[PDB]
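Take a look at the structure below.
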Amino acid sequence: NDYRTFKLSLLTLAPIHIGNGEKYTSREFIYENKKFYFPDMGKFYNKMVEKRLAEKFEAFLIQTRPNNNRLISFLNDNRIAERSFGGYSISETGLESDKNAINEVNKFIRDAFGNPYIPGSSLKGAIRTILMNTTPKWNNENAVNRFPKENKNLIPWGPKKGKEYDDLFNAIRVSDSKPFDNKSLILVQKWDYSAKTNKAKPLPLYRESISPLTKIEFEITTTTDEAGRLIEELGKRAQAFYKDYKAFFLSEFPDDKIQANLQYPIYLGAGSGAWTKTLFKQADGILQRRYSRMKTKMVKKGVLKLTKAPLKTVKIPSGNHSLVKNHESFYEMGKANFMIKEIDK
Amino acid sequence: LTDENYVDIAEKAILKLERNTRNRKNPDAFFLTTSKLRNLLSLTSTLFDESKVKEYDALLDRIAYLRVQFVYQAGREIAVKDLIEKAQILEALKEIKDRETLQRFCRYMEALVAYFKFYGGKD
Amino acid sequence: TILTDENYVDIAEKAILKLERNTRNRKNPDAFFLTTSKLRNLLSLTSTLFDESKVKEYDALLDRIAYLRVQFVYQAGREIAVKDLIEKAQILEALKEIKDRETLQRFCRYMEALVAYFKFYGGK
Amino acid sequence: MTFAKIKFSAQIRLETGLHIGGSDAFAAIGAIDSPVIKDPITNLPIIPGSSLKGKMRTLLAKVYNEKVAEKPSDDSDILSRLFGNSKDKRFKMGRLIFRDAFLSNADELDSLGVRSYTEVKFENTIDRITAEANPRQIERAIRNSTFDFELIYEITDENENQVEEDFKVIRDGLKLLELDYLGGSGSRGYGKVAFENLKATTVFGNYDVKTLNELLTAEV
Amino acid sequence: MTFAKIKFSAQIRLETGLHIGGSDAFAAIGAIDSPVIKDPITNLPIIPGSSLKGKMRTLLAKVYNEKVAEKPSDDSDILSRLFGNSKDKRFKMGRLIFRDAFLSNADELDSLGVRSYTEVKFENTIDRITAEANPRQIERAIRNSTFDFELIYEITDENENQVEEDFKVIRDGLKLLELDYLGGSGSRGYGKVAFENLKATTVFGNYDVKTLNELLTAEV
RNA sequence: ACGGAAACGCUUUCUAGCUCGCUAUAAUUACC
């Protein structure tokens, strides 16, 4: 009973994509019927050995010197009727459009077994930027000695010789998620809304992400008083961070695009943009300065990040609470909300 | 083929490997990065580790998977395909009849990587 | 040619003297870039080689002399002070020259000598 | 109570990825991660008894000392009695023997279609001023792995009350480890583990384990 | 009643890494390690018979004395009978001869592709206030190593029933070693050991072992 | 019809006890 334990439930209000490093290529899958086809490249190989097709499959795969047709076309060029090798396919939403198209997709982070999950490391990241952005003690500093960077002694965290082990963030433990059924994955696309253009022009990038209105559970343990009475107010602080981030950023873009806030907000993992992953207050001048001279960070602030997803919008608070406000199927990427609890003992 | 004097072969391959000569300090300047290889090296090592308490006859699924990811990755990045050429890896794979042959190949990979890092490869 | 019975230790000492030292340290003397921790897994293999050169015959341990070379270059790849050592001390050449249990044992001892004089003249 | 040995056995199931030990000796050539402690012969992950003893002891000090306990020499007689104390004549030799735990269910996992018995997790850190990301890879023993667990308890000169209290301390210890992690990157959700089929057996001498088995299955 | 010599043979399998060792100033010039005791010619790990005898004896004192003995001179006649007592005229020469055990399965291991017969185990300690970590490397003989085990028992002047009792004590001793460790960092999981293929053979004189072989295949 | 016969340099003794390889770190930023 000596620690404190909290149980935090995450409802995704938009496609969430944290993801690992790997990415599927246009040669490793097939758009066929409602669902996308994601094989096991292994099982493919060994059924194509069993079909005497192997040498073709290799010369096809090794044939990437920027292969301009490289797809499940190669299947159809051969007999290609078989199709029982590999597991879990993703269903065609119609969004992330132009199909028949997708050249490249970013894999969601999947565990040992092939199921995906939300690593507590990533959630803790986001909890951190919430906790950081609120607390006035830490919202004022970076290091200048030498292009600027985070102070990184702002929160003491290491063992110090002869001192009584002060490390606060060691006392906040964020559970790895369970793995969830791979049948909730979606393939959301990136659209950037620039209020300079006041139009929203879709970019060539696809992210396998969690379909909205998913529940995913976490446990968070605290071994110190300060951490107890920190994670206690994660609700307050969450809604406060969203207050500042709207006031700073969202509240200068068409209210169509701003998603409505349902429980408590969090920006988690995606291409949800720079201000979600910083102390945006102190980051402002410096971050911009980072993108001078290339594909520019053009607006004085950023572009706002949007994604085409099926309007699920089913949540019932005595009517249609339809998640997104707008009519062009536009969620704000990596937007989710949560509710936190306290258990006992 | 390759066996038992294969370190000299591995080296002879690696010094031949592709170079980004444009760089202001482009010494040999390998185009390749351990990052690109990683997955198939974890695979090759897991294969060696596995062949000790299992039998050459019954492993060959995993050797298909190895060849597969070799080709896939050969497609996905140019310097990998280049490596697989200049070190004749794909020729070597098909040549594995014994557990003796297989273990030889695993060792070969080890050697290639060692001499890569030695000669200024970036991990 | 490189490694003679009269030769090895005097060479090893010379190599440890010619080795890259950290002159950028105002506080430190001649202080070595190199550090025993970097060599540990390497010279463990050297010692297992010597230890087995007694209980087995030369051909039986060819596999071992293979894996030694590899590890050497690998570590020389991963650490700068290692590459410096195995450079100044002609290590890889010294392996190439081992036809013989006499030659092999001499190399193992050579490593021993290098390490001794490393620790002696300032160590990890 | 005349001499006897009670063997606590269980299976440790990893509820999350676990990362303990290792060095650039056990390393694979071109591994870029922080590797894990492994059994040298099978190259499989192993859970070192040193780790289990360590963690269980330091957690139990928070419960059972009611004292500062600057060094382990300074722990209470009840903990020193069990884990041993180098600076006390009475407790120089401890009544508990932890054992390196080894992976049981390799075949279960091979069936579940794993391509290795260790996962390499990619993580990063994002600078909060510059937004720059610095990535890192680290090896973990895969989730839902099981390890055969053994702990040996020795009844010698500790007559009636003391064995009971010791049993209590062992159960408290294991539960505390279940409500904590096995040393890894724990704050970021590693090393959550559970003791399955926890069961007592008298493997030497004569003792009644019915009561203990009841108390283990339910109350831990 | 007559004279005869029985050879107890087994193969000791290391269930975990074993550390005996301790020649520090005679160590390999290599690197930091707490070295393990090695046969000088082959530089392989050895299990010194002194170790086996010592540990088995002090284990057996806990069972068979039924009064705590300050010195090994004060052990019971049953233990003195077997292990020797320098200060008792009757037992000055003990009926047991333990033998240095040597690595049997070097070939098995060379086949399994092992590149050393000893691992270096990396451990640390955490300061309980400062949380500072102090690391520590210590050598073990690798886990699935096996050693040829030999113990010699001498029948002269003993009631065949005395021989029976002696056999009981020997079997209890070996089992107790199995439920304990061979001296190392034992509390932290070292020195777990198993006797495989345990059998008796009369190599001098005449004695009937059939019943004993049955009984010690039963009790291990 | 050897300053020589006869005489094990032996019996007892665990290289042991105590010690988490641990400590912050969203796989991410930018889209004229």
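Note: ideal-geometry Cβ built from the backbone for every residue, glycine included; neighbour counts use all protein chains shown. Computed from the coordinates by the stated procedures, all read-outs in this text should not be read as laboratory data.
Observations on the model:
- Cα gyration tensor shape for chain C, rounded if a/c is under 1.5, else prolate or oblate: prolate
- Globularity index of the protein assembly as shown, i.e. its alpha-carbon radius of gyration over 2.2 N^0.38 Å: 1.06
- Net dipole in debye of the protein assembly as shown [+1 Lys, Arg Cβ; -1 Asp, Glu Cβ; about Cα centre; nearest 20]: 5240
- For the stretch A:140-145, 3J(HN,Hα) per residue [Karplus equation, 6.51 cos²θ - 1.76 cosθ + 1.60, θ = phi - 60°, Hz, x = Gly/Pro]: 6, 9, 8, 9, 10, 7
- D (Stokes-Einstein, µm²/s), Kirkwood Cα radius, chain E, 1.306 mPa s at 10 °C: 83
- Fewest neighbouring Cβ atoms within 10 Å first, the residues A:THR278, B:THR34 line up as B:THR34, A:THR278.
- Helical mean residue ellipticity (222 nm; -39500 (n - 2.57) per DSSP H run of 4+; nearest 500) of the protein assembly as shown: -10500 deg cm²/dmol
- Charge dipole of chain C (Cα centre as origin; +1 on each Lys and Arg Cβ, -1 on each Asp and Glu Cβ, all else neutral): 740 debye, rounded to the nearest 20.
- Residue and distance for the chain E Cβ closest to the axis that moves E onto D, in whole Å, come to E:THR118, 1.
- Across identical copies of the chain, E:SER111 has label-point separations of 2.9 nm, listed in ascending order, with the point defined 7 angstrom from Cα along Cα→Cβ.
- The stretch C:51-57 - phi-based ³J(HN,Hα) in whole Hz, Karplus 6.51/-1.76/1.60, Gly and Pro as x: 3, 8, 5, 8, 8, 10, 10
- Inter-copy separations for D:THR156, label at 7 Å along Cα-Cβ, nm, ascending: 3.5
- Here the simple spin-label model places points 7 Å from the Cα toward Cβ, and for D:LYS168 and A:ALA247 these points are separated by 5.4 nm.
- Neighbouring partner chain Cβ atoms per residue of E:37-44, average, 10 Å criterion: 3
- FRET E, pair B:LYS25, E:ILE29, Förster distance 35 Å, beta-carbon r, rounded to 0.05: 0.35
- Here the spin labels are modelled as points 7 Å beyond Cα on the Cα-Cβ line, and at A:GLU233 and E:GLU160 they lie 8.8 nm apart.
- Here is the tail figure for the stretch A:37-82: Cα pairs spaced more than 18 Å apart come to 23 percent of all pairs.
- Derived scalar couplings ³J(HN,Hα) [the stretch A:21-33; Karplus, 6.51 cos²θ - 1.76 cosθ + 1.60; whole Hz; x for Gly, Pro]: x, 7, 8, 4, 10, 4, 9, 9, 7, 9, 7, 10, 10
- Separation of alpha-carbon centers, the stretch D:25-96 and the stretch E:133-165, rounded to whole Å: 27
- Compared with the dominant Cα axis of chain C, that is its longest principal axis, helix C:101-120 is turned about 20°.
- The loop-placed chymotrypsin sites (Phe, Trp or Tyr not before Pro) in the stretch A:271-312, going by DSSP, that have at most 14 neighbouring Cβ atoms within 10 Å of their Cβ come out as A:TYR291.
- Under 24 Å from the Cα of D:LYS67 - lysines, other chains or at least 8 residues apart: A:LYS160, A:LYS161, A:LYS163, A:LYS345, D:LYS53, D:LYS55, D:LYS87, D:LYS89, D:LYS92, D:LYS168, D:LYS175
- Average beta-carbon neighbours from other chains, 10 Å sphere, peptide C:36-47: 5
- Two-site label geometry, A:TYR165 and C:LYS56: point separation in nm, points 7 Å out along Cα→Cβ: 4.6
- Per-residue packing, averaged as other Cβ atoms within 10 Å, sorts the ranges B:46-54, E:169-177 into the order E:169-177, B:46-54, beginning with the highest.
- Residues A:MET294, D:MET93, A:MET132 in ascending order of nearby Cβ atoms (within 10 Å, fewest first): A:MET294, D:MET93, A:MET132.
- Partner shielding of D:16-24 amounts to 4, given as the average count of beta-carbon atoms from other chains within 10 Å of each residue beta-carbon.
- Cβ-derived FRET efficiency at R0 22 Å, A:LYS201 paired with A:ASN100, nearest 0.05: 0.55
- Across the identical copies, the 7 Å label point of D:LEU179, projected outward along Cα→Cβ, sits 3.2 nm from its counterparts, in ascending order.
- Cβ-derived FRET efficiency at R0 22 Å, A:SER9 paired with A:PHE113, nearest 0.05: 0.40
- Debye log10 I(q)/I(0) at q = 0.06, 0.07 Å⁻¹ for chain A, Cα point scatterers: -0.27, -0.37
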